[PDB]
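*Asks:* just the starting chains for now, same placement as in the complex:
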Amino acid sequence: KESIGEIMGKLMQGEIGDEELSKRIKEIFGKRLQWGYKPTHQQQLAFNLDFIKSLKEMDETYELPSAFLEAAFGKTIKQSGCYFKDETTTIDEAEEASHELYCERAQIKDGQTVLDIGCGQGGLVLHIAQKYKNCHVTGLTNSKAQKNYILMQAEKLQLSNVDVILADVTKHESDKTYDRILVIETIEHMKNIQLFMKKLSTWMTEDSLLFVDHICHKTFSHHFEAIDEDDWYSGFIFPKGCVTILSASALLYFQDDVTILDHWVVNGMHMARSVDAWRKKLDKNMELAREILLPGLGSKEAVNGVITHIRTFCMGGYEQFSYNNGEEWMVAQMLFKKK
């Protein structure tokens, strides 16, 4: 029986081949499926409702250089599941296709005020601003680096209809309302979902729509964390308490302040193809990445550490989202109006 430290050591030293790494991670996810699936729908619902009840009771300086993100991710540095029509769809095309899918499903129209919560590097903000010149598009992020990157891109693209709010969304106070609120793979990070949804509703009028996209499991919810002491992966990728994977249906139970209008899922192979593209691009640009990171990180060892973390995230994400041809973990999307 090998220890966590032992596996972690080989991992950090690049001694685990891709085939073995994939196999180890796939077995960890396998155990999560065993944990989450119950024998009867009666038991499945009891389990799911206990999770949802638990949620309702629940009341940092280092950032990657932009050149590094540019070398690993797609053109707009989307950090969320993309959408791949064809076998030959590139990550750049898949980003744009995802942006268009969100615009369709969130019913974006020219002239609307749009808020994007947890806007990342602002791919969606910039997409909407460029496509709908009479929209005013606000991104909200807790990262100064992200804000600065978005404002620079808007300037380069001659977009005059973009602003960015620098704020922790859980603390942000405002009387401003928006026609459209978008939340793309941000809710997974929210500690208090009920409060979050209530806050969003106060930023809506009776004409507004709220669109949420979140990674999910089709059947059950779980915190992203180790089940047992054999799981070296989960806590390596994310600290405890950071990420929650809701079931595809979980948000249906959070309609205190908003009302569902539509509900979709996107098969997990799209996410799998996304992380695969990132991993391959990082691999191709490995030497450049190491060069970019070295100044800010201080040693080749610290560099190798950051790279190992990102690359393993991609390798593991591949196994998670591709499990059973995309029919386990996937992406859920929901459209809401205000009550």
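*Replies:* Nice, thanks for sending it over. Numbering: from 1, shown residues only, chains lettered A, B, ... in the order given.
*Asks:* buried residues in the helix or strand where residue A:304 lies?
*Replies:* Secondary structure assigned from DSSP states H and E places residue A:304 in helix A:300-322. Burial within helix A:300-322, assessed by neighbour count using 16 or more other Cβ atoms under 10 Å, is assigned to A:303-304, A:306-308, A:310-322. No exception for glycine: its C-beta is placed from N, CA and C like everyone else's.
*Asks:* same deal with stretch A:265-281?
*Replies:* A:265-266, A:268-279, A:281.
*Asks:* next one: stretch A:93-109
*Replies:* Buried residues in stretch A:93-109, counted by 16+ other Cβ under 10 Å: A:93-99, A:101-103, A:105-106, A:108.
*Asks:* partner strands of whatever helix or strand comes next after the helix holding residue A:304, with direction?
*Replies:* Counting by DSSP H and E, the next helix or strand C-terminal to helix A:300-322 is strand A:329-338. Next to strand A:329-338 in the sheet, as set by DSSP bridges, lie strand A:209-217 (antiparallel), strand A:258-266 (antiparallel).
*Asks:* how about CSV for those, with distance to residue A:50 added?
*Replies:* Rendered in CSV, the data for the strands paired with strand A:329-338 read as follows (distance: least, Cβ to Cβ, whole Å):
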stretch, distance to residue A:50
strand A:209-217, 15
strand A:258-266, 22
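*Asks:* could you identify which of those strands is most buried?
*Replies:* By mean neighbour count, with neighbours taken as mean count of other Cβ atoms under 10 Å, strand A:209-217 ranks first of the strands paired with strand A:329-338 at a mean of 24.
*Asks:* can you get me a residue count around the nearest residue to residue A:37 once chain neighbours are set aside?
*Replies:* When the adjacent residues along the chain are set aside, residue A:37 lies closest to residue A:219, with 6.5 Å between them (Cβ to Cβ, 6 or more residues apart in numbering). Burial of residue A:219, expressed as a neighbour count using other Cβ atoms under 10 Å, amounts to 16.
*Asks:* wait, doesn't residue A:219 sit right on residue A:247?
*Replies:* Yes: proximity of residue A:219 to residue A:247 meets the contact threshold set by Cβ atoms under 8 Å, at 6.3 Å.
*Asks:* before we move on, back to that, ok, so of the buried residues of stretch A:265-281, who is nearest residue A:29?
*Replies:* Comparing the buried residues of stretch A:265-281 against residue A:29 with Cβ to Cβ picks out residue A:268 as the nearest, at 11.2 Å.
*Asks:* against residue A:30, how distant is that closest one?
*Replies:* Using Cβ to Cβ, to the nearest Å, we find residue A:268 at a distance of 15 Å from residue A:30.
*Asks:* extend the structure above with chain B:
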Amino acid sequence: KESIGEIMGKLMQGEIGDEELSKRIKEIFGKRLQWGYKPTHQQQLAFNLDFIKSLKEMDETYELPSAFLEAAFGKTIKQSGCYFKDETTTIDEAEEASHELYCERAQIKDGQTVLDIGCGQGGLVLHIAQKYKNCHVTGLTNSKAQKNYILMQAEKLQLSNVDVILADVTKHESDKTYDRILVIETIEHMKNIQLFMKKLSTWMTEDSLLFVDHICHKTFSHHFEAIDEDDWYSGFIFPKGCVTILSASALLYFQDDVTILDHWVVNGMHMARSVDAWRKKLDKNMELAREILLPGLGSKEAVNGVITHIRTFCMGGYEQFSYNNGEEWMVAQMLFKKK
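*Replies:* Next up, chain B placed on what we already have:
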């Protein structure tokens, strides 16, 4: 290839043995499962949401003698799924166990005002009234015979806290509010669910709870009707447009006016054991039943017809609810508060 009329003829003449009848009905339900299950969760949700959207767009003198109902059903003439703890649980015990389950899940407490919508022969009304003497319990039914039966039973049981409203619930207008509203296997008959839920909410205060129990399929919704021309069963049991079988999750999408607090399902073997008990009791009391019905129906042929209808309902219900050990069709229950 045999016609519907041909199968119907043999059925009415008692020429189809139980084994063949069961097999024919089980194959009809099998085809419904093929119709309702989709290959991917993406497709399953598209199918389910299309059904729920369809619902949101949607805007007689003959009654069985009480002696007949008494000879076929359990002691309180419950016409809904019962709950069987043991292999030897009788239908009378299973009725009482169901009543207690509803009281627990609907959080009934002494002193509350309670409304039971579509109260049937009033088993639940009488149970609550007897167990909680400071509750005032109102049943609502569209049947004069049911109203009369309940009032007679309340008089015999020395219950002074029961009233019955004779009304079509879809037309009933009142400013009265109730602490608890119960809807046991009535919503399956409602043509406009959104309007129904909205009306119920107007009969609630901020302190009220609404408990709904409905037959369901765990995965998909369907109208109860023939898929094809080979289905002689569905339209024999119920006229087109009469009964809707919602998925176990369907009502989650109907929270415009109420908000979910809890959600359960009860495995289908409970319903199966219920209809099995009714069928066996009817069979045992067959000669008596024929005697009771003859005056009101006018001929042995009309009698045989009514009996065949009820008995086939039970035989078919057995195959439906027992399918895959109760893990296809079953009973859903939900608890709501008002928005």
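*Asks:* re-run the earlier check on the neighbour count of residue A:219 with chain B in the model.
*Replies:* 17 (other Cβ atoms under 10 Å in any protein chain shown).
*Asks:* likewise residue A:208?
*Replies:* There are 21 residues near residue A:208, going by other Cβ under 10 Å.
*Asks:* state the distance from the residue lying closest to it once chain neighbours are set aside to residue B:9.
*Replies:* For residue A:208, ignoring the flanking residues on the chain, the nearest one in space by Cβ to Cβ, 6 or more residues apart in numbering or on different chains is residue A:179 at 5.5 Å. If you measure residue A:179 against residue B:9 using Cβ to Cβ, the figure is 63 Å.
*Asks:* one more: residue A:253?
*Replies:* The gap separating residue A:253 from residue B:9 is 50 Å, by Cβ to Cβ.
*Asks:* same thing with residue A:61?
*Replies:* 83 Å.
*Asks:* likewise residue A:227?
*Replies:* 60 Å.
*Asks:* before we move on, the earlier item: residue A:179 and residue B:9: who's more crowded?
*Replies:* Relative neighbour count places residue A:179 above the other of residue A:179 and residue B:9, with 19 against 13, counting by other Cβ under 10 Å.
*Asks:* quick one: residue A:93 from chain B, how far?
*Replies:* Remark: distance between residue A:93 and chain B (Cβ to the nearest Cβ, to the nearest Å) = 20 Å.
*Asks:* just residue A:227 next, same as before
*Replies:* When Cβ to the nearest Cβ is applied, the distance between residue A:227 and chain B equals 23 Å.
*Asks:* how close does that residue sit to residue A:48?
*Replies:* Using Cβ to Cβ, residue A:227 is found at 17 Å from residue A:48.
*Asks:* close to chain B: what parts of the stretch 101-250 of chain A are there?
*Replies:* A:218, A:248-249 (Cβ under 8 Å from any Cβ of the partner chain).
*Asks:* from those residues, pick the one nearest chain B.
*Replies:* Nearest to chain B out of those is residue A:218 (Cβ to the nearest Cβ; 4.4 Å).
*Asks:* what's the closest non-adjacent residue to the closest one?
*Replies:* residue B:41 (4.4 Å).
*Asks:* phi first, then psi, for that neighbour.
*Replies:* Here the main-chain torsion angles of residue B:41 (degrees, to the nearest 10) amount to phi -70, psi -30.
*Asks:* sec struct for residue A:172, please.
*Replies:* Three-state call for residue A:172 (DSSP: H, G, I helix; E, B strand; the rest coil): coil.
*Asks:* got a list of what it touches?
*Replies:* Under the criterion of Cβ atoms under 8 Å, 6 or more residues apart in numbering or on different chains, the neighbours of residue A:172 are A:140, A:165, A:199.
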